[PDB]
Structure formats: structure tokens, C-alpha cells
Amino acid sequence: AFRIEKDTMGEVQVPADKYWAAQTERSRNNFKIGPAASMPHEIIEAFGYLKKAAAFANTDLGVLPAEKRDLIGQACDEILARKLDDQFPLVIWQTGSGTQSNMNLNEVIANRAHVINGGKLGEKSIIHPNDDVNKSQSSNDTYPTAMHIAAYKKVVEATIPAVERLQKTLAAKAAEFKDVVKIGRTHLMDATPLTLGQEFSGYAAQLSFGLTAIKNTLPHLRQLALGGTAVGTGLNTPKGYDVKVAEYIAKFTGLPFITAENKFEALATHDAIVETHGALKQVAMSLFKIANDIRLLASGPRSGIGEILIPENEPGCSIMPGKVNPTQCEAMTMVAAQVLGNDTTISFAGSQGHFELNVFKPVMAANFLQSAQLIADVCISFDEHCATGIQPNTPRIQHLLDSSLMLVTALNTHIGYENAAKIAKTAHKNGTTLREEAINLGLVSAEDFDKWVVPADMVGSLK
Amino acid sequence: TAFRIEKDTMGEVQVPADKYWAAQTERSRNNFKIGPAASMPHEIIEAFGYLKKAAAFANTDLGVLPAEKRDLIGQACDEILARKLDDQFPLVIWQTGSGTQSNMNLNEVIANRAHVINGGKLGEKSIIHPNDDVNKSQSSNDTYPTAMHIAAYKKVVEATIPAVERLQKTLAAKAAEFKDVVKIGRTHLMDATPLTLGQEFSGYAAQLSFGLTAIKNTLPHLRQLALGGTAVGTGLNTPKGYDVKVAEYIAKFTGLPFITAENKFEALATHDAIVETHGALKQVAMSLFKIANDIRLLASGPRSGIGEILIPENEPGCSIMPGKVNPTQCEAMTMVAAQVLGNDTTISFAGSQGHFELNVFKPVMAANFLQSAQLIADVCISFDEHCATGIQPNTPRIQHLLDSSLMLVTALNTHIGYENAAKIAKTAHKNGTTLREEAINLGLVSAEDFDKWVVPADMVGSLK
Amino acid sequence: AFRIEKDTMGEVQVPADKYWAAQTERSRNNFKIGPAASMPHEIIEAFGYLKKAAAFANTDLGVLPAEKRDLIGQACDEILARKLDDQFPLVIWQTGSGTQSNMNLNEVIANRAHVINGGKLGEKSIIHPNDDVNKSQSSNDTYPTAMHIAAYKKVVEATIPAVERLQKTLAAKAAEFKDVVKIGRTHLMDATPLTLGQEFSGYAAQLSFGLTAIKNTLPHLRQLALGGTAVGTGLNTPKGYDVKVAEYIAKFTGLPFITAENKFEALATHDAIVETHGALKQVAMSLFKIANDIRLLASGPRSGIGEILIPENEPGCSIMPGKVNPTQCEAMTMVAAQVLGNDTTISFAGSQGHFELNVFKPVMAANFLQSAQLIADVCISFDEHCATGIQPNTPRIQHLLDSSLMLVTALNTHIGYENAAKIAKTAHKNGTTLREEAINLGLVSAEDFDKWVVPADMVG
Amino acid sequence: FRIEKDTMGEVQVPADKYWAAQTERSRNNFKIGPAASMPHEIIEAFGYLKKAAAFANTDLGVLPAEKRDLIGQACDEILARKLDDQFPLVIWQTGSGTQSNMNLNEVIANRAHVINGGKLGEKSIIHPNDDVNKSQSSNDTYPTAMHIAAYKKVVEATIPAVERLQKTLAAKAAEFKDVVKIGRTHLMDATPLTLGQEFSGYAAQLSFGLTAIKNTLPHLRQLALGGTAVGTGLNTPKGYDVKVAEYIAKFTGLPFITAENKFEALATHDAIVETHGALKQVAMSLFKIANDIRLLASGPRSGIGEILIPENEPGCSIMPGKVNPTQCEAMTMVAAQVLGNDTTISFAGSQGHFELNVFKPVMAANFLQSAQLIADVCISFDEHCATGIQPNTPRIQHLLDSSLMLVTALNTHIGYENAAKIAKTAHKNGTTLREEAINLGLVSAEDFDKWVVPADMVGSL
Ligand SMILES: O=C(O)/C=C/C(=O)O
Ligand SMILES: O=C(O)/C=C/C(=O)O
Ligand SMILES: O=C(O)/C=C/C(=O)O
Ligand SMILES: O=C(O)/C=C/C(=O)O
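Protein chains in written order, with the authors' numbering: chain A, 3 to 465; chain B, 2 to 465; chain D, 3 to 462; chain C, 4 to 464.
Here it is in C-alpha cells:
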């Protein structure tokens, strides 16, 4: 069942029930690319905030009647309350400006305003999509505004807290394991001792510098395009609109948005998405390493390293009965893989602006949100279902520590490099302990080796 | 909201009473809340349906599974292939790197659904055991990569290759249709020498021809199925010849020419075949990005750009600039190509990351591969129907830009030398005059020789 | 032609005239990968700084005799003054830790120290390559200290000043072209007016945001691993070594280096290299865009955009006589493409640390240093040879501005979107003017059109 | 300095150099990266194609035999490396590589003049544009240099280096076919396979990667030469395109042909994207294999240590006597480079405009570096690690008998849930599989000893 709606290109059959109009319907038919309604919901939600702020600012500045403001603001409250999700059917792989998603907000708000006000769907709306819902605005400033609201909100409300959660667990464990002495590995080969705390303190540190990197990118992402309209000059905006509309969005979201300092930079680039995604990708590579270590540390339990015990959450294996796997770690390394390709896509798209407009906005949008959501979700899962339950395998730690021929490094400042090297290669060649060959080569007394080669004394400076 | 108690080897689990999945699926659903729910691509669940039926038929032919049990497994698999059990697969991509949780989802749903088919009550342990019967002779470690290769191969020969062929042939037809339209070439974006619009479009059609061969070259590796490798590649716990027998049944049920992998260790420890065929997809993506980007430069304007071609005007371009029309079909294609490039970074990185007997990045690789295959398919169809089939020359515009170009003076090279031909062009440039005036004014060429040697239509081929 | 040197593995035939020893020679023969001596000179230089620092630190802490500090320092002063460049033949593609280059420094300092003291090359050195030159150090903490010193020095002495010089030319051009009204383009299609000034003001702002993104990463990049030794613990360092040695690096380099907060993160990762390189790659994607716009605006001169004129530095074409190309633009887009792939390499390698050490140190070092370098060089080349010489093509600009149908956008707040659309659509189909069709459709008086459709008035 | 002149005016050129005005402008105007970074491999390919051009130009009646011989001699001098200091131009030049095309054109013509008994500082008897560049553009020559140089390096260095490693890994799959070890999945103890079988996997990887590379050669052997300015072959004699490709096959000993479509051949580097894709597939495979061999080799006493590898140098300046899998690191580092090289190449591949892709030098440099590094580290790794790999036999047997997942052998006897009871109880009690199978009475001692045999677990029932 259809009704005819009209745009400046003529007549379009629109599903009779649906609040969208001609432009939303053409796009839904002209971009049959991947799954329906793939435009992020976070982008639509952002549009809810800024269309409502546009309306509010336009009335304060004398270009929209209060009557129309309130109908727009109520239809935006419905979008925000998730009452109209079945009214946003457009894909990511549309016009690169996101014009069709902007007109989807505009047509849905106008037709929904009309029915709120007592009219029939398919009657000329009391609210015009272009002249009223879109007054003072372009797809070219509204879509980048939706991008930064969705991006800033997800990064500060989901991603930073989730990464902070895992950072504090990792720092907690580092503290909890400060007196567990273990064997280091460089190049995967037996090395000198460090505490399990020291190992985890490295991991805690990785996310601390990553959190700082992400925070450093927020001043740029807080800047909103809204007011630059078609090309950044703010043609067709009342004076004060850029500052005023950013105060509404700031009031409505609770987040410290400001108007962009250079609206030509804010339309022709998404350098801010590149900037913040770069830092997300810094954290994804640190996360990869941490997850990879932890499965290596848990490997076995009998014929691997097996120096830690991780929580056992599920049957690991359909054929190998009673096998248990570090499945939280695999989740986290696969998210990290995804984030790095997301960064290729964003970097590539960011370089591809032409003149006044970057037209890679949706794909930049979709990839940034997916990275920020997946980092958030996997740090919560990995913290809950792995990191918090990590315990030492004490006897395994103690065996692999004691077997290291490279405890011989404690001897370096006492007998010199070459004499230390003779002891280790003699023990290796002969199949004996350091302590035997140190004594039998006449290079160290039994009491000096017992005093010097003490792993608990090899996890700090001399004294 | 109602519950029953299922058990696995780790303990009891509350499972939604109405659902056909069991304890392990319910564990995964609650333990891997990462991204949207049910993100594991339907093409993989579709592929598992094919391979699980084949497994049961193979196991029955080699006398290790009773026929009655093969029948019940086949009917539940058939209901998965007919899309009647889509609500019974809620597990995400970002699960165990092996896909063990999705393999158990299939096993559990086939077991319980089979139980109910036969007259049993959901909640009861099934006449068909999830591990000992549905999973007989199999591992997550050979089934998941078998599902990846079935889904990958099917999507490439049924969607992707057909779509790219469709667009290639349109660009070939437009090459033939525009063979006599002479236009100006551009190199480094500056005015150059003549070629036909048809020659320009022949570039585009040839790029997709070399694309189609590059992808087809990758199918030999992709048709190969890990099924029978089991846990580590050795085929532990398989009947003699199960590996070949199950590949025959997967080939028989899909209609596609699948074969058992030459080396099950390569088939479990790597997804080199997925890296291989994605690489070809990314080559096609890079070509398509270029063709699309050419078409928007060629149509740009309509007045203050190049504007040498007219494209179909599909929709209002702009909410604030009234009557603007944009190259939206070109923008969708360039945006997909950018996606396919990240996909390739992701797949190549995961592909390097296998350990000993198993690569545990299988879902991320599968998910990225299928998105690439599917988007390339859809955007090529969208672009063929809504842009390429409708492209026509702006003939007045083309002639103006062709007749303007100072580098028609290149045609003088063989007659008067580079150095004299350059004087003509620097003079005609300084003076705002034509090449012919300054070639005659400077006395470097007669009227008769200029007219003889400087024919745009002759400059589209070898010396005549 | 060869003399005998030994390591803990046995005897090696070393070229008799060279200052290196058994380990360098082994490395030279066993890693025949890429062009000879690929380890970047900046890593060697950084090493020159930190080996001197270590020696000076070791003496103030009473574990190295002053006579041996003096010898080691003189050898290091010779490295720093590029006297010893033919004593370093090892490749990037060696051990993942850079152990072999560490020992290259150790052996050449030790041997050079011997000869400075009055001995002869081939005699046992008065200075030990492990016990003295490498006292209190690992390859594990030295080679990251080398990377950070080289990477910091390059970014603050080369990359940032190059990028700052281009930013300022771009900003001068924004003020220079402040009243030059041109047509906007969105989707490559004719749009509404902005000044050439404003357009360049977007460029200047891009590089202002990039400079901020790079500097934000400098606090992490100035942290030095030196003192972590083998695994991060500072095994076999005197107390306060980590902090005394960073101060000497800082004093000798004149750069704000500090001992790392966490030595296990300093050894097990190169997250500082990933952070900073991410910022270099942001700037790189900004420069691509800017360079691609300038070529698009200069395109033609008769069959393109033609809105700017760029310096003409050279014949552009061996067959098309008199043709001239925007060749600086091309160099800058090619660098940008390099830096994106350098970023894939650094990110990927950055993820592949095991336990207490990332053993990708040189591949991360060489990609990093190339990006900092190529971005500094191309920013200087593009500034000198293109950006400072850009001029408007004013006749062409004006032609292209007054042709634009989307000047009609100016009618929106007066006659609405649908009426403005009917004027632009009608003008486009009939090949007539906006003004003509405004009047033919009865929608705007000729007076109102000429008051309302003013390009100079559409620019904010 | 001497004065040389181009169509733009006078240039002071180093008085002794065979290069001229345009080479000298490039040298001064693109001070980007280290000096003379244009790969020598491109210069060599230029020497082959400039000579083949002269040769074809003479047969087709449009260049005098005298001028052919002077260009051929200069070209043979470039080919044999007598003129490497006559090529001072960087990668980071004009994206067409015109300036390097004009470097070849200026050096051939000045060097031809001195052979013919002229002096540097006279116009050459041989015009760099009209004679050495006759029937040519940078637009077709540079992509011809690229393909010749790419194809040559791949078939003469990369493929043989990869096939040599492939051969060793195959020979090790035989050497070790009867050495039973424990497999790991998820880094966790699994079921047996032979160390032969595991190396069979590594051999299979490089076979597939080499096939993938060889599949891309039919594209890469196609030469742009004859397209000239925009792909039309403006100013080429009829047949020039086929005849010059014949001359190039003959000089090189490789089967080059003229490209089927000169527009594809100028406006794209799709053949580089194609072939480098397959280099990249091989590098990710090599990454996995190098990574496996350091994990298997790890220890000696506190890691896996299931293989011994050749000990080629002291591992560590502070950890005395330590020995590292240094060959594995070089290979994994090379692999990291090839991945990022593939990003650069793919980016540049997308960025052609109208009739010409002007990303040519950066595509070329990145391709040739991947092909050279894959070749160098594959020979180094085969010679200094792969050939000398041996099983650590006592260690293999300890780690094999330790795995609780030998219990898998009991699936088809007692079924999934009973097998898991034994492994879980064993894991819980810190006891042995045998102990607990027997202890719970799910298997007799006699049946267990017959049923749980690692050597019987590396094949089908
Ligand atoms: O939709 C807009 O507001 C703008 C579109 C464009 O610049 O084409
Ligand atoms: O689910 C499986 O069959 C295998 C899992 C594993 O190797 O751990
Ligand atoms: O060269 C070093 O000091 C350390 C090397 C290693 O960990 O093996
Ligand atoms: O150098 C050439 O032959 C071509 C250059 C160009 O097309 O501009």
C-alpha cells in the first residue's frame, strides 16, 4: 500500500503507513546495498538532538514560529525516546554527504509534527521538510554534527569508562601480584626474573597512556560544524546561530560541545574522526598485545607455559572433551584486528575530501562508531569474564623461574660477561644447573652464588 | 522470560524455555555481549546447515551413524536452510576465535529441533546427542572453516562475479557506443591529447575484465574444504574416506564444485585462501573506486566543472541548494571501496596471526570477507542500473574542451621537433590565440601542413 | 685482509682495517637482507648520545673508572661528528631487538677507545665491549632509547618546523585572498560562494589541528627505557641510574627526555611510536587533501578548473611540448600514501610484543623516521616551490562564480526551497540565467533578484 | 657548472655530469628523502626499453641506424652499471616519473655525443626528445620500466627464494614424518600430529602463495609501451607496440607482450596491486611460519623447546650465553613491511585521474622493496634456520604424554561426556589420564593402553 509524495523531481510511491516522504523512499530503492537500515542508530539519535537545537535557536533568533518549534521538538523527543526507529530505513552506502539521512529526519519530523497536530498522514504537512525542519541548515553541517555528537558521546560514555574499568583491574592485579617472582621472556627465550605484578603493571601502563591519547583528541571532536550550512560561510543562518545552536546541543546532551573554530575545516575534512580513531587504534594494538600475553601465560594447562590460571567460563571444544580455552582473549584480539582495518578505511576516507565537502561521511561514521562500541563491549567482557579472576599458577611459576639458565645474569657485575657466559653454556651443553658449573669451573663459591643468584633480588637495582 | 535447565560438561544453565538452543549457546550469548546480538553472518549459519546435513549422510554411508538419526539431523538442517529457525542463532562474531560456540549452537539447535520433530518434548535430552551424533566425526576446527569456504565461494560465484560481469559488459557497450566521440585526454589533471570517450570507457571495461580473472584465479584454493581434519588436521575420529565422502555431499547439496583440502593442516592453521580471494576483491575495489571517481569528475558542474558526460539524475542532491543533482551512485561505490580496503587490512592481519594447529580469528575473517563480497555485488548492480547504463556525452561541451587544448601541438612532434612545437604552444598561451595562427605567424608550419598533421580524429591512433 | 676477533661463540675473521668485531661481522654475513648498512644513521647518532650518557652516569655512580668514561666519550664524540659512518654496516632486518646494532656500537667504541689510548687494532682492547661500553645496559633498553631520541629529535627539529612553515604560508594566503570571491564545490558539483581566502583558511586550520595532534604525543615519546635492562627491572643498574642517565641524554641532546614511568611498557611495546605516528598520519591525510585541491584548482589551463595559477618549476612532459604539471602537489600525495602504509606497518608490529619485549624495534624505527623525514622535506618543497607563489586566476574565477545556478540558494529565505528549485531547474534545462527565469516564472522582481543574489554578500 | 637549456630556459648543470637541464631541475626542486632514491631496478628496465624503442624505431623506418647504435651503446653502459652516478633523482618526484624519463633521455643523448667524439656542453647529435624519446612518453615508458623491473625481480629473485624455502619445509615434512608431538589449538594442549605433518602445513602454505603469485604474472608481463601520451599511441609507427615488446622479451629473456588495453595500462597500476596482493599473501604465511618456529624453539628450559634451531650468534649483550631465533624476527619484520607496502600500493592504485595514474614511483619503490625483502629473508631464513631445524626428541615426548586431550581417543569407545569426566577429574586431581580413566572405571588398564596410543592418533579409523 502506497501514497504519492512529491519532491522537486516529481511523484514517488511511499509505503502508506510510513512517516518518511519522497526523498527517503528514492534512497531506500536507489541504494539496495547491504542490510536495510544500516545507518547507525547513534547517528539518528544525534540528529534528534541537533534538529531540536536548530528549532530552539531558530525561534530565539526570529525565523521560526514557537508553534512549529514545539511540533518539531516533540517529534525529536519521539526519535530520542526510540519511538520511530522503523521510520529510518536508509543504508550507510548512500550519498557520501548523508543528504538522504538528513532528509529522512526532515520528512519524518514534518509528517509526524502534522499528525501530532491532528492532521492525516499524506496531507501537505503544516511543517515544510526544507523551509521549517531544515531551516538554517544543510546535510553538509548537520551530518558532521551528528557524527561528532555520536562519536564524542560513545567515546566518553562507553569507550573511556570500559577501558578505564580494565585499566584498574590490570593495576589491581599488578598490586595483588607484587611479591610473585616469575621468569621474564625476551624473543620467547628464557630471560631474567620480574614479579607477575611488574608484568601486569606494564599492561596497566599500556591502557593509561592509551586513555591519555584518547582524551587528548576530545577538544577537536567537541567542535560542531553546525552553522557552516552548504560550504562553511553560514549562508542562510541568522547571526548568533552557530554559538546559540551549540549551547542547546550542549544543554540537551549534557556534554561540552562548542561551535567549530573553522567551518571550512569542519565540512571539507573529518580530520577530528581520524585524530580520535587513531587513538582508539593505539588502544586496540595495546589491547591485542595484552590479550595475546594472557593466553600465552595461561597456555596448557600441561604442555604450554601455564604460569596463570584464568576463569573457566565454558566448554572450549566440541571434540576435545574437557578442553578449556582463553576465549575472552580471542574476542579481544579479533576486535583489535577489526579496529586496525577500521583505521585504514577512516584514514583513506579522510584523505579523500574535495573542495568544500568530504563526501565519505557515512563510512567514516559507521567505522568510527563500530570501533568505539566494540572496544567498549570487549573491555567490559574481558574484565568481567577474564582479568578479574586471573590467579598465579604458583608451582609452575616457581619451576620455570628456577630452570632459567639466565639467572646467571646476577653474576655479571661479580665475574664479568665472559665468565658468566661460560657458566650458562657449560650448564646448557652439559645438561646441569648453574650452581654446579659455577662451583666446578672455580668461578663462584657455593656461598656467593647462594647470596647473588636470588630472583627476589633481581627484580630491582643493585644495593 | 520462561526457563528450563540444560547441562553441558561444566554445569547447569537456565535457557529460554521456547528456544531450541541449549547450555553452551546460552553461555556464549551471556559471555560475549559485544556489538549487536546475532551478528554471526546468516551465510555462515546457512553454510553450517549444508555441512551438518552432509556430515550425517557421510557418517551414515560409512556405517557409524544410523539412517533414522541421519533423517532427523537432515530435517532440522533443512529447516535452517529454509530460514525457519533464524531466531535460534543469537551468537556474535566476537566469540571464541575457533567459532566453537556457533558450531555448538548448530549441534544443540539440530539436536533439540530433531527431538521435537520425532515427538519429543523440548527440555528432554534429545534422541540425537549434540556431540556424539550431530557433531560425529567433526570439530569446530574443520566445520567453521568449511562454513567460511562454502559462504565465501557461494557469495563470490552467485552475487559478486555476476554483478561485476553485468557492470563490465555495460562499460564495454558504452565503449562501443562512444567509439566515434572525440574528447580531450587529461594527465596530472592538465589538458593533454585526444582519445575517444569510448577508448576512455574501454579502460574501465578492461580494468573489470582483469578484476574478474584475478578473482576467478582464487577459486581453486577457495573450493577446498577442511572438513575431515577434525581437532588438529590428522582426521582423528573420522571413518576411512569421510573427508572425500562429506565433500561429495557438500558439493551435491550446494550445486558448487567443492573438494576436500589437499592439506588439512593448512586448512585449520591458516585462512590463506580467504586472504588470497579478498586480495582480488580489494584489487576490484581499487579499480571501481577509480572508475566511479572518473565518472563524477567527467559529469561535474553542470557549469563550473568538466561536464563532458551526462549521468541519470536519480534524486534531489541537496536539502539547502535547490535543484542541485549529485553523483550519489559514484559516492556509494567510492565509499564501499574504502570499506573493502579496511576489510583487507583486517583479514591480512588476522591471517598472519595463526598459532600451531589453528588460526583462531575465523569469525572476524569470515564477517569481513562476506561484507566485501556482498557490498561489491550490490554497489555494482546499483551503479550499473542507476548510472552506467544511462551515461551519454555532453557533445557541445566535449567539442569546446577538445578544440581549446594547446597540446594538440604534440601532433607536430614528428614534423618540426619537440622544441619548435613548444614555441607554438608557449606563444598561443601568452597571446590567448590558436595553435594554427602561431604555427603560421612564427613560420614553423604552412597552413596546408598544419591542417594535414593536426587532425584530432587522427591523433586517436598510430601514424597514418 | 682479515684479523681474528672472538665472542662467547668462538672465532671470527673481521676485515683487518675495521673497528668492529666478531658480533658485527656475524650480523653482516648472516642478515644479507636489503641494501647494505640500512640501519638509519639517526639510530647510530642516538646511540652515540646514549652510550656517552651511560658512561658518564656509570662514573658518577662509581661503577666505571673516569679514564674509561673519557675514552668512551671521545669515541662517541667521533660517532656524533660523523667520523665513523663506515664502521656501521648492519641492516634494519637483523635481530628484532636491535641486539646486533647495540653490539656494533659496543665493539666500535671499545676498539676505537683502544687506538685513542695508544694501542693497535687487533690487540685485546683496554675497554670491554660488554663489561665497560655496555655497563648497566641491555639492547632491550638501549635500542628503544635510540628510537625515542631519533624520533623526538626528527619531529621537533624537522617535521613540526616544516609543517609550521607551510601552515603560515597557507594562513598568509587566506589573508592575501580574503576578498577573492569564488564558487564553492560540494560533490564536485557547482555550489554557493566562499572566498579563496576562506578555502585556504580551511587548509591553514587542518595543519594547526595536526600540529596540536603531533605535540599531544610528545610527552609519551620523550620517555626513555634506559635503566630497564633485560626485562624492565633495572637488574644490574646502580641505584638512580635510570634518572641520572636520562638527565645526561637530555643535557647532551638539549631535548626534554625523562626516564620512562614504566620500564616494562617501554620494552614490551612501542605504543609511543604508534601514538606519534598516528598523528604524523593524520597530518599526512590532511596534506593529501590540501595538495589534491591545489592540483584540482590549477587544472587546465583551458579544459579544467583553472581557478589558481601555481609556480611553473619545470617542463611537465617529454612528449606534450609546453605542458606544465603541478609536480609539487604529486610529490606530497605520494608521501601521504607512503605514510598511511608506514602506519599499517607500525600499528601491526606495535601489536606483536611477547612477554617482556617487542622484537620489531628496527622495522618500527625505520618506518617512523621515514614518515617524520618525508613529511618535513615535502612540506618545505611544497611551501618554497608551490604554496608561497599561488595567485588567483581572477577572470576565470569570476566567470565560474557568475555561471553557478546555486547562487539561487540566496532566494531560500525569500521565496522558499520549492520556488528557488523551480528557478534553478528551469535555468539549467533552458541554458538561460537565474535572473531571466526568476522573472519568466514571476517569482522575483528584477530589483529584488539584484539586491538578493549578490555573491560578495553570500560569504558570511 | 655548464649551461644546459630546456623549453623553460637556462640551467647551471654540474660540468662533468651526462644529465642536463631537466634532470638538474628535478635534483634541486624535490629535495625529499635520501638522494637518488629512484630504484636502480627502474633505471635498468629503462636501459632495456630505451634500447628496444631505438631498435623498433629503426625497423619501422623513422630513426636512422646511426642514431640507434649510439643509443644502444649508451643503454648497454647503463645496463652494465657504468653510469649509476648519472641518476640523482628521488622517488618523490612528479608522480608520472617524467623527470626520470628525462634523466634517461638526457644521459643517453649526452653519453651518445661523447662516444661519437663530441664534448659535454654541445647539444648532442642525438635529441633527448626527438631521438631518444622518439615514439614515447614518460606515460608509457615508466609503466614499462615498472613492469619489466617488477616481473624480472619476482621470477629471478622472489619466486626462486620462496621455492627454495618451500623445498626445505617439504624435505623436513619427510625427515620428521614419524616424530609424534602434541598439537596446540588456542595455545592449549590438543591431540597428536607428527612434526612432519606440521611442516607439511608450512610447505602447503608457500605452495598456495607461489601459485597465487604465478596467477598474477599474465597481467604483469603486459607492457604499456606504444600508448604514448594518453593510450592512443599518437606519434607511434603502425606495429611499434608489438615490435618494441618483442625487442624487450629478447633483450630480457622474459615473455613480455604489448598490453591488450593501453588506457588500463596508463590510467591504473592494477597489475602492481594484483601481484603485490599475492606477495602480501606470501608475507602473512611467512609471518605465521616464522612465528611458529620461534614458539616451537622457545626456552631452552622454560618455554616449549620442541625443536632445536641453528645457533648463529650471541643472542644478548647482558644475558650471557642466551641464543635467539634471530632469523625468525627478520622474516616477521619483513612481513610487517610488506603489509604496509600493500596499504600504500592499494591507496595509490585507487587514485588514477582520467588518462594517467600519477602515483607511479611510490607504487614502483614499494613493490620492488617487498619483492627484494621477501627474496633476501627467504634465502637467509632457509640457509641460517630452516635447513638446520631438528626435533628436541626428549622434550617432544614429555609434552606429548602430558596432554589430557589424548582422552579424545576414547570418544568413539565411551562417548563425549564419559571422556570429559576422565579429563576433568584428572585436571581437578592433578593426576594422569590413565590413573583416573581406571580409577572411575570408564576404561580397563588393558583397553586404555590399547586405545590411547599417540602414534595411532595421527590418521583416520
Ligand atoms: O544536502 C545538503 O544540504 C547539501 C548537499 C550538497 O552540497 O550537495
Ligand atoms: O570445538 C572444537 O571442536 C575444537 C576446539 C579446540 O581446539 O579447542
Ligand atoms: O642484547 C640484550 O641486551 C638482550 C637481548 C635478549 O633479550 O636476548
Ligand atoms: O612526460 C610525459 O611524456 C608526459 C607527461 C604528461 O602527460 O604531463
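A virtual CB, placed ideally from N, CA and C, is assigned to each residue, including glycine.
{"Item": "Locate the alpha helix (DSSP H) running through B/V117, then write down its first and last residues.", "Value": "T101 to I118"}
{"Item": "Cβ of B/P240 less than 7 Å from any chain C Cβ?", "Value": "yes"}
{"Item": "State the Cα-Cα distance for the pair B/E109 and A/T194, rounded to the nearest angstrom.", "Value": "48 Å"}
{"Item": "Please determine, among B/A389, B/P163, B/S103 and B/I392, the residue with the shortest C-alpha to C-alpha distance to B/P364.", "Value": "B/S103"}
{"Item": "If I follow the unbroken beta strand (DSSP E) through C/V16, where does it start and stop?", "Value": "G12 to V16"}
{"Item": "Taking DSSP as the reference, what is the three-state secondary structure of D/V183?", "Value": "strand"}
{"Item": "In angstroms, rounded to a whole number, what distance separates the CA positions of D/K424 and A/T271?", "Value": "32 Å"}
{"Item": "Measuring CB atoms only, is the stretch 235-248 of chain B touching the stretch 282-291 of chain B, in the sense that at least three cross pairs come out at less than 8 Å?", "Value": "no"}
{"Item": "Please classify C/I74 as buried or exposed, where buried requires at least 16 neighbouring CB atoms within 10 angstroms.", "Value": "buried"}
{"Item": "Does residue 469 of chain C come out as helix, strand or coil in the three-state DSSP assignment?", "Value": "No answer is possible for residue 469 of chain C: it lies beyond the span of chain C, which begins at 4 and ends at 464."}
{"Item": "In chain order, what residues of the same chain lie with their CB nearer than 8 Å to the CB of A/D273, ignoring the 5 residues before and after it?", "Value": "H222, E267 and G352"}
{"Item": "Use the C-beta contact count for D/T101: other C-beta atoms within 10 angstroms, 16 or more gives buried, fewer gives exposed.", "Value": "buried"}
{"Item": "Shortest alpha-carbon distance to D/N344 belongs to which of D/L226, D/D450 and D/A367?", "Value": "D/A367"}
{"Item": "Can you pull the chain B residues whose beta carbon is under 9 Å from the beta carbon of D/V410, in chain order?", "Value": "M322, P323 and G324"}
{"Item": "Quick one: any contact between the stretch 143-150 of chain C and the stretch 172-185 of chain C, if contact means 3 or more CB pairs under 8 Å?", "Value": "no"}
{"Item": "In this structure, how does DSSP classify A/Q393 when only helix, strand and coil are distinguished?", "Value": "strand"}
{"Item": "Is A/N119 close to ligand 2? I mean its beta-carbon at under 6 Å from any heavy atom of the ligand.", "Value": "no"}
{"Item": "Taking only the alpha-carbon atoms, compute the straight-line gap between A/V446 and A/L413 and give it to the nearest angstrom.", "Value": "9 Å"}
{"Item": "Below 9 Å on C-beta distance, what does A/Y419 contact in chain C?", "Value": "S320, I321 and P323"}
{"Item": "Pick out every residue whose C-beta is nearer than 7 Å to a heavy atom of ligand 4: which are they, in chain order?", "Value": "B/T188, B/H189, B/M191, B/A193, D/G318, D/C319, D/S320, D/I321, D/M322, D/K325, D/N327, C/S99, C/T101, C/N104, C/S140, C/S141, C/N142, C/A232 and C/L359"}
{"Item": "Does DSSP classify C/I321 as helix, strand or coil?", "Value": "coil"}
{"Item": "Anything in chain C within Cβ reach of A/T346, meaning under 8 Å, just list it in chain order.", "Value": "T346"}
{"Item": "Going along the stretch 304-320 of chain D in order, which residues come within less than 7 Å of chain B, judged by CB to CB distance?", "Value": "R304, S305, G306 and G318"}
{"Item": "Along the stretch 171-193 of chain A, what residues have a CB closer than 8 Å to any CB found in chain C?", "Value": "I185, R187, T188, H189, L190, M191, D192 and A193"}
{"Item": "Use the C-beta contact count for A/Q225: other C-beta atoms within 10 angstroms, 16 or more gives buried, fewer gives exposed.", "Value": "buried"}
{"Item": "Tell me whether A/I292 sits in a helix, a strand or coil according to DSSP, three-state version.", "Value": "helix"}
{"Item": "At 7 Å on the CB atoms, spell out the chain A contacts of D/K427, in chain order.", "Value": "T10"}
{"Item": "Looking at chain B, which residues of the stretch 289-305 of chain D have a Cβ within less than 9 Å of any of its Cβ atoms?", "Value": "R297, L298, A300, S301, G302, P303, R304 and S305"}
{"Item": "According to DSSP, simplified to helix, strand and coil, what is B/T97?", "Value": "coil"}
{"Item": "Any beta carbon of chain A sitting closer than 7 Å to that of B/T161?", "Value": "no"}
{"Item": "Kindly list, in the order they appear in chain A, the residues whose Cβ is closer than 9 Å to that of D/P195.", "Value": "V233, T235 and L237"}
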